[PDB]
């Protein structure tokens, strides 16, 4: 499934910001508008057993150009919160439910 980083209208949002996916589907976060963005998972809001370091960009790594992607495939079922490091204080966060 593709998830846009920034809305076409400049909103600091993941698009979509909440979605469900079967375990192991590749999620392609795709840089879209209003950079820089990145993608990290919140160590306090993922299923027990999940190591966020493996499914997160490094905080220092930013996507500054349209069409760059960060791709992950989540195998453990449950809810995961992911966020943009630059924009997480501006509500750029989202929830994927792996079922």
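Residue numbers count along the first chain shown, from 1.
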71-79 or 9-17, whichever carries the higher mean Cα B-factor: 71-79
Return whichever of 59-67 and 32-40 has the greater mean Cα B factor according to the PDB record. 59-67
Of the three thirds of its chain by CA temperature factor, lowest, middle or highest, which one includes residue 24? highest
Could you look up the Cα B-factor of residue 92 in the entry and say which third of the chain it sits in: lowest, middle or highest? lowest
